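All remarks here apply to the structure that follows.
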Amino acid sequence: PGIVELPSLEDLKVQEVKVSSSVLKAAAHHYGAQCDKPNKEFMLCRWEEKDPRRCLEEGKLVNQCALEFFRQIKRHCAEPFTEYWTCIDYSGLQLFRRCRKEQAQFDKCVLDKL
Amino acid sequence: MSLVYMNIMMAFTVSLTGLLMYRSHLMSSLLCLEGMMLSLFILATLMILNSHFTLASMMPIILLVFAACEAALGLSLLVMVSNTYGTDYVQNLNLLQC
Amino acid sequence: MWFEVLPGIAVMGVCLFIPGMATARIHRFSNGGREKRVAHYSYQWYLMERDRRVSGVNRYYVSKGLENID
Amino acid sequence: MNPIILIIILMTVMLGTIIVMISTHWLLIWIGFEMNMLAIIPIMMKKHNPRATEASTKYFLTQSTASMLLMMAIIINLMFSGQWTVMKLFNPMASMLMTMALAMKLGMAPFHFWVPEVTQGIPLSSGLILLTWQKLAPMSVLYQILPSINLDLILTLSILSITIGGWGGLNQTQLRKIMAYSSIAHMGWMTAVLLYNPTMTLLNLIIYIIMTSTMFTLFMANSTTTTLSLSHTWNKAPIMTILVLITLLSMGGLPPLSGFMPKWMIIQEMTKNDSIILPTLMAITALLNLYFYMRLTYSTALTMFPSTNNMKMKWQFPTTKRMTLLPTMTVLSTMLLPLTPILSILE
Amino acid sequence: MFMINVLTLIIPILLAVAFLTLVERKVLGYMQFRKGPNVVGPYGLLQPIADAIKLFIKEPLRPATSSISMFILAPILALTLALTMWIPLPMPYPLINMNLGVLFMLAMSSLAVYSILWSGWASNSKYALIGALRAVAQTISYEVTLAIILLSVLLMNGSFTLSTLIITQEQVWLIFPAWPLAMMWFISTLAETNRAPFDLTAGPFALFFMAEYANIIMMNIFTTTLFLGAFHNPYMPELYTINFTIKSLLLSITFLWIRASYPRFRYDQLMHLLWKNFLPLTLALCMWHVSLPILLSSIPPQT
Amino acid sequence: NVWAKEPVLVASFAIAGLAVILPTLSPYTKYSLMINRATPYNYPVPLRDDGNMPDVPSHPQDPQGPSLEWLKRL
Amino acid sequence: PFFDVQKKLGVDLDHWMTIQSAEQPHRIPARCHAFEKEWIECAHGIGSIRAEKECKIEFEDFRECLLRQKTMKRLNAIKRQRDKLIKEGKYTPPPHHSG
Amino acid sequence: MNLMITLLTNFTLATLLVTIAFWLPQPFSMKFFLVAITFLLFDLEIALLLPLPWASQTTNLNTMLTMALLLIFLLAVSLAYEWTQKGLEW
Amino acid sequence: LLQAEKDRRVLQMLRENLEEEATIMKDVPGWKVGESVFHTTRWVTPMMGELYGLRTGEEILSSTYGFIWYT
Amino acid sequence: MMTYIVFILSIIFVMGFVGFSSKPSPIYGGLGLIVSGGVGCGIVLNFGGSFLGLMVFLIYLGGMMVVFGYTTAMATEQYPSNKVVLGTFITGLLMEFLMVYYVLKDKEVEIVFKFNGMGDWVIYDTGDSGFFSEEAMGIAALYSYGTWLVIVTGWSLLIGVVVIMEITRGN
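Protein chains in written order, with the deposited numbering: chain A8, 1 to 114; chain 4L, 1 to 98; chain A1, 1 to 70; chain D2, 1 to 347; chain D1, 1 to 201, 217 to 318; chain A3, 10 to 83; chain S5, 1 to 99; chain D3, 1 to 26, 50 to 113; chain AM, 73 to 143; chain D6, 1 to 80, 85 to 175.
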């Protein structure tokens, strides 16, 4: 009967955050702090309409917010953020109690400097 | 239609004909009843898994435990018949004629 | 004395010492110094799938950190 | 046997049947049928003769395969539109398997081969309780799931069960086989009007249960297996004879007596449809299954067979059986004729 | 590399079992006043090599069978259980991380019951059938107990992954919050391995022998993971593997050491003792280990 | 008394009775239920913003919403 | 007969094992949640006969959500057509991973 | 199929051990039955018990405690019934 | 973020797969190019043969059956 | 070793049901039901199957066939194949071969249905955030919502115990 109304390939081109998983998992909480304020727009769109192919502008918005956040954490302290997530990477499933002292180090970096 | 359901229904008919036609021992009949039980278990479990019928997913294990204690009662009845007779054939039961 | 039984128990304990240590060495070798990612939940498996998708090598151990941001 | 254990087993029969009555989930109905089987097995083999053992074996095999075919029908129901609500089904095939399962559960013509064999080698109490609760338990389920049944199923099983309980029945003097063939004929009657007005089915269920309770209570008052023992009961006591007369004639269904009232209302709310030849066929077979009742009455209370002494000895002992409740059930079962508009007490 | 992992698991099992034979003979010899086997080379490792290859050399039992296929089909099942039962056992990194492994343990124990029953039926005339029937009874009467106790000791940890067990053993040993439950579990392991002080008084005798001793080492490794042990700092698995091997070896020596000095029980005493003393006590420990985590505000982080 | 007769049964009844009773006198069961309730499985779903309600806080740093503080402090 | 002590005592002890979309212990849906909600709201205050003859469209939508029969029929027709045209040889296929 | 690979390797190596070991050198009682059915029924009640450590994280804890104690209590009543009523005697 | 990438990827497979279908089925009579079989105007969740259809085995086996027997 | 492994294990499953529905000696029947239960465990674990298919394995292949083989050992003898048994096995293999041949080289096979004939990688999850293996939390109900169900189940098993002892000479 009725045909679907798919979006085009012009909206299906956002600069995708092609980052890996352990760095994204370790960089979650402060990403919840600074960013993730305008993506509850996306969450409320997803739970008031059960229809992606519609809420994709806010998906592009959370994509650019996460990329902007990782740009901002890339430019400033820390570069031992790399040491922190590679300390937490090879520990099986990533328990956050594993590398706790360097978690304190990254917190002290980002707190005293940003 | 999730094609495997056809094979498990045909397997149910296999176990049901094995339950109905049975030559000598009652134990084969009771074990094919158990096979029919397993068929219903597997068929309903694949249905509930693919449905994501996650609230009432109790059907496989509870169907299992009930018809298992049915099979326990059948074992006790077969032991009683084999105790008051020599064997447990379908024959040597032709007394009490209808 | 029991100095003459400790070689037997010693060699049998070495026979029990070997397989987990060699297995953990093969775990660390088959992912380039990484640990093999355990998988118990759909969340961890989907995170692993997007990790092996974004890596480019279709391999989840390369772990591609901070050098594809801009 | 302990009396505590028998009270427990009666509690579990009542629990299983009430679970069948009260639940709305399919698993719970299947649990109720199975628990009814598991509890009713040690009421049989109450003695330790091998007759009751073989009877319980046959009963267990047929009852368990009926239970599992019922579970097959339910899992077909959820292979189609799937929810655990006792309602209209969603497959003619599932309804076919389910009504054939319940036809195995309660006494039907292709499936009646276990009923006289299970009733012959058991005592009277086990036969009474199995007839009452094992003909009460599926009727609630059929009353529930009537609006999605192909009618030819129910009507074919009803017609053939009435004529089999008729024709098979002219040959046995084993009183348990007589009562079993009567059960087959009346269950055909009580299943026939399921798709037209089930008030008649449940009223016929009430009347049949009270009648069979009266009949088996009269047999428990003086232990008999044959008609010649009933002639000895004629010699020893006269009031049992007129009770056998009235209760056999109310199993026969004559219009002065209360057993006619379930036939007549069936014929009424059957012939308000376009079914006339089917009522006259069913009521001709209802004339047929009165003949073994009538030769039984001729054997008991109207002609008289020669008697044996030591009835002279049994004269010196007055009767000392306890009846559970015989006279209340008797005059409830036989003088109920002017209370036909207690039809509408039911729905 | 995965078949290399499997072969590095199931190649040292023959070494482990044969050296366990020499170790049990030497340890019984020194619980007794006997030295040896030490004439066959230095302290006799070539002595298990020699008697293993001797029993391979020696001419088999002539049939005398019923369904030759069934008669070969029972010990092949016993030895493939003994091989396929070291897959989810964690010394630090197990071969297969599972959602649940302990129910797999109990299920393969029941398959060992199948092995005993099939060898008993396919063996011989009626007296060995009665003996193996009593053996199946006294084996099956304990899988109630061991599964009950294993359930009550994992209930402190909530999950079945068993790497959560090696996490939750970090602070104290699990022998301290459940000593009597662990003690009864150890008695049930003596029951499942079917040794003294429990009675059992074939072909191939070497294969049934192999299944026996791999079952023993299996239960010892599962004990050492289950109730005691120590921590595991990552990127150094040799430390935990050393401590695990030393504790499992001490426990297996204690196992044969308990075997060494007790007479076999009467059979009706065995059933009587199991039912009327372990079964109410297991129920008591289960209901207290149910009602206690809801008391002490400690229900486990079952993720 | 029966402590000499069937002692393991009496010990089983004793630990059974204390397992029955002991959750009644318990200062930790409300702690257990708060711990068990305060762990979310699904997504904490947002809502359409406000009818100018002094609840449902906008920043996740804002402590106007109901949070947990007895977790960190044992 | 069917009795109603289930409704009479006010203990709804058996209505939760019954359908989907009753509240799961963690608030997750099934695979065909919304189809059920609209179908139940279609046939609620209904005497189960105009449920048969009026809510047919949404019931067929729910059934084809639950089993996905004819959608698999369409996909299977696409597969058989793809097989016979790759057997023919026209456009050695760029529907896999590349042009 | 990875554990199926392990099962296949163990099964094939076991068959190699057996076949190379073989090509090279060339009435009853009711008391037997009661213990097995007692095993069967208590094992099914174990099957009802054993998802208890799955369940202990919910928002209904007192009810879980009550019905878990009811399950072990029913199992204990069955045990004590066959204990007192000469079910396992000799 | 994972949700947004997932939505863009499934709509990407929808767009490319209906482009493939529109290229491939121009011989059969009938056949509207992109009809849902359903009637309501709602985005149904696809069935893993609308997403991973005609991908020839490898990716669909590593995608559907991946977690089911991955360790 | 390929995609239709669920279908192939189903073929071995129905072969096992035929293999003991041909009525052998009941210890061969117990063997056939053990093999059938193992491959049914394989099928349901292929659907995953994380708990329930390993759960059946302890009950039927852990507690039921043990007592079935036990009662085969203690009650019936069957002391010595036949035409009828192996002939029914041949006809069952013929019926399965015919049905699966018509599934393979045609569209669909209909008893009275429309079984859409291809192997089932469809349908399946589209990689959702499961995080608890939904079987696990489902069966981790029955103690919050499950008031009536576990009560009547345990009560039925208790009545099963008293029934078994009564028939086997209560008290």
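Think of the CB as a built atom: it goes at the ideal place given N, C-alpha and C, for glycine as much as any other residue.
Of the residues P295 (chain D1), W272 (chain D1), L129 (chain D1), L181 (chain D1), the one placed nearest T72 (chain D6), counting alpha carbons only
Locating residue 72 (chain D6) in the tenth sequence gives position 72, where the first residue counts as 1. Checked all of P295 (chain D1), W272 (chain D1), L129 (chain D1), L181 (chain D1); the closest Cα to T72 (chain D6) is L129 (chain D1).
Could you compute how far the alpha carbon of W30 (chain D2) sits from the alpha carbon of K36 (chain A1)?
Translated into the one-based positions of the fourth sequence, residue 30 (chain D2) becomes position 30. Translated into the one-based positions of the third sequence, residue 36 (chain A1) becomes position 36. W30 (chain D2) and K36 (chain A1): Cα-Cα distance of roughly 48 Å.
Please report whether the beta-carbon of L55 (chain 4L) lies at a distance below 8 Å from any beta-carbon of chain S5.
Counting from 1 along the second sequence, the entry for residue 55 (chain 4L) is found at position 55. Yes, contact with chain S5.
Which parts of the segment 100 to 139 of chain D1 are runs of the beta strand (DSSP E), unbroken and 3 residues or longer, counting only runs that do not cross its ends?
none
Under a three-way DSSP split, which group does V57 (chain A1) fall into?
Along the third sequence, read from residue 1 onward, the residue named residue 57 (chain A1) stands at position 57. If DSSP states are grouped into helix, strand and coil, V57 (chain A1) belongs with coil.
Could one say the Cβ of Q69 (chain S5) lies closer than 8 Å to chain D2's Cβ atoms, at least one of them?
The residue given as residue 69 (chain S5) occupies position 69 in the seventh sequence. No, because no Cβ of chain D2 sits closer than 8 Å to the Cβ of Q69 (chain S5).
Beta-carbon of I78 (chain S5) versus every beta-carbon of chain 4L: anything under 8 Å?
As a position in the seventh sequence, residue 78 (chain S5) is number 78, starting the count at 1. Judged by the 8 Å Cβ criterion, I78 (chain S5) is not in contact with chain 4L.
Local Cβ density within 10 Å of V116 (chain AM), reported as buried at 16 or more and exposed below that
As a working note, residue 116 (chain AM) is residue 44 in the ninth sequence. Label assigned to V116 (chain AM): buried.
Which residues, in chain order, does the segment 31 to 58 of chain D1 contribute to contact with chain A1 at a C-beta distance below 9 Å?
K35, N38, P42, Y43, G44, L45
Identify, in the order they occur along the chain, each residue of the same chain with its Cβ nearer than 8 Å to the Cβ of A71 (chain 4L), setting aside the five sequence neighbours on each side.
Taking the first residue of the second sequence as 1, we reach residue 71 (chain 4L) at position 71. Closer than 8 Å at Cβ, skipping near neighbours: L30, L33, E34, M37.
Whose C-beta lies closer than 8 Å to the C-beta of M65 (chain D6) among residues of the same chain, with five residues either side of it excluded?
Walking along the tenth sequence from the start, residue 65 (chain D6) turns up at place 65. Once the five neighbours on either side are set aside, the close Cβ partners of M65 (chain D6) are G30, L33, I34, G37.
Below 9 Å between beta carbons is the criterion; list the residues of the segment 30 to 58 of chain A1 that meet it against any residue of chain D6, in chain order.
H40, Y41, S42, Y43, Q44, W45, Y46, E49
Would you verify that the beta carbon of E52 (chain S5) is, or is not, closer than 8 Å to some beta carbon of chain AM?
Looking up residue 52 (chain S5) in the seventh sequence gives position 52. It does not: the Cβ of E52 (chain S5) has no partner Cβ on chain AM nearer than 8 Å.
Reduced DSSP secondary structure (H/G/I, E/B, other) of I3 (chain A8):
Within the first sequence, residue 3 (chain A8) is the residue found at index 3, counting from 1. Note: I3 (chain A8) maps to strand in three-state DSSP.
Is the Cβ-Cβ distance between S148 (chain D2) and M187 (chain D2) less than 8 Å?
Locating residue 148 (chain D2) in the fourth sequence gives position 148, counting from the first residue. Locating residue 187 (chain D2) in the fourth sequence gives position 187, counting from the first residue. No, the Cβ-Cβ distance between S148 (chain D2) and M187 (chain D2) is not below 8 Å.
Near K88 (chain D2), which residues of its chain fall below 8 Å by C-beta distance, leaving aside the five closest residues on each side in sequence?
Residue 88 (chain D2) sits at position 88 when you count from the first residue of the fourth sequence. For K88 (chain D2), where only same-chain residues beyond five positions count, the Cβ hits under 8 Å are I145, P147, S148.
The segment 144 to 155 of chain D6: positions lying closer than 9 Å to chain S5 by Cβ
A144, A145, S148, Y149, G150, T151, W152, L153
Beta-ladder partner(s) of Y89 (chain 4L), from DSSP
Reading the second sequence from its first residue, position 89 is the one you call residue 89 (chain 4L). Answer is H25 (chain 4L).
Measure from the C-beta of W16 (chain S5) to each C-beta in chain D6 and report whether the shortest distance is under 8 Å.
Locating residue 16 (chain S5) in the seventh sequence gives position 16, counting from the first residue. With 8 Å as the cut-off, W16 (chain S5) counts as an interface residue toward chain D6.
7 Å CB neighbourhood of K23 (chain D6) in its chain, flanking five on each side removed
Your numbering for residue 23 (chain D6) matches position 23 in the tenth sequence. Cβ within range, chain order: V89.
Span separating the alpha-carbon of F216 (chain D2) from that of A185 (chain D2)
Start at 1 with the first residue of the fourth sequence, and residue 216 (chain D2) comes out as number 216. Start at 1 with the first residue of the fourth sequence, and residue 185 (chain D2) comes out as number 185. Those two C-alpha atoms are separated by around 17 Å.
So with Cβ pairs under 8 Å, would you call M4 (chain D3) a contact of chain 4L?
Residue 4 (chain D3) sits at position 4 when you count from the first residue of the eighth sequence. Not one chain 4L Cβ lies under 8 Å of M4 (chain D3).
Rounded C-alpha distance that separates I53 (chain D1) from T164 (chain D1)
Position 53 of the fifth sequence, counted from the start, is the residue given in the question as residue 53 (chain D1). Position 164 of the fifth sequence, counted from the start, is the residue given in the question as residue 164 (chain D1). Approximately 42 Å between the Cα atoms of the pair.
Starting from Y40 (chain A3), trace the alpha helix (DSSP H) in both directions and tell me its first and last residue.
If you number the sixth sequence from 1, residue 40 (chain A3) lands on position 31. Counting along the chain, the alpha helix (DSSP H) containing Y40 (chain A3) begins and ends at 38 to 46.
Going by alpha carbons, who is nearest to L9 (chain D6) out of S160 (chain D6), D124 (chain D6), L161 (chain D6), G131 (chain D6)?
On the tenth sequence, residue 9 (chain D6) is found 9 positions in, with the first residue counted as 1. Per the Cα distances, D124 (chain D6).
Positions along the segment 87 to 109 of chain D1 whose CB lies within less than 7 Å of some CB in chain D6:
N99, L100, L103, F104, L106, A107
I need the straight-line Cα distance from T89 (chain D3) to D71 (chain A3), nearest angstrom please.
Indexing the eighth sequence from 1 puts residue 89 (chain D3) at position 66. Indexing the sixth sequence from 1 puts residue 71 (chain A3) at position 62. Answer to the nearest angstrom: the Cα atoms are 39 Å apart.
My understanding is that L20 (chain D1) touches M12 (chain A1), with C-beta atoms under 8 Å, so please give their C-beta distance in whole angstroms.
One-based indexing of the fifth sequence puts residue 20 (chain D1) at position 20. One-based indexing of the third sequence puts residue 12 (chain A1) at position 12. 6 Å between Cβ atoms; contact.
Give the residues of chain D1 in contact with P32 (chain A3), contact being defined as C-beta atoms less than 7 Å apart.
Along the sixth sequence, one-based indexing puts residue 32 (chain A3) at 23. Going along chain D1 in sequence order, the residues near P32 (chain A3) (Cβ under 7 Å) are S306, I309, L310.
What residues from the segment 236 to 259 of chain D1 come within 8 Å of chain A8, judged by C-beta to C-beta, listed N to C?
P249, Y250
Does the beta-carbon distance from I5 (chain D6) to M120 (chain AM) come in below 8 Å?
In the tenth sequence, the residue the question calls residue 5 (chain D6) occupies position 5. In the ninth sequence, the residue the question calls residue 120 (chain AM) occupies position 48. No. Outside cutoff.
Where the alpha helix (DSSP H) containing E78 (chain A3) begins and where it ends:
Translated into the one-based positions of the sixth sequence, residue 78 (chain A3) becomes position 69. Run containing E78 (chain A3): none; DSSP gives neither H nor E here.
Where the alpha helix (DSSP H) through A66 (chain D2) begins and ends:
Here residue 66 (chain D2) corresponds to residue number 66 of the fourth sequence, with the count starting at 1. Looking at the DSSP string, the run of the alpha helix (DSSP H) that includes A66 (chain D2) is 50 to 79.
Distance cutoff 8 Å, beta carbons only. Does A72 (chain 4L) sit that close to anything in chain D6?
Counting from one through the second sequence, the residue named residue 72 (chain 4L) turns up at place 72. With 8 Å as the cut-off, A72 (chain 4L) counts as an interface residue toward chain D6.
Considering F7 (chain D6), what are the terminal residues of the alpha helix (DSSP H) in which it resides?
Start at 1 with the first residue of the tenth sequence, and residue 7 (chain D6) comes out as number 7. Segment 5 to 21, the alpha helix (DSSP H) holding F7 (chain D6).
Can you check which of these residues, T320 (chain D2), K314 (chain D2), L254 (chain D2), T300 (chain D2), is closest to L336 (chain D2) by C-alpha distance?
Residue 336 (chain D2) sits at position 336 when you count from the first residue of the fourth sequence. Ranking the options by Cα distance to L336 (chain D2), first place goes to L254 (chain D2).
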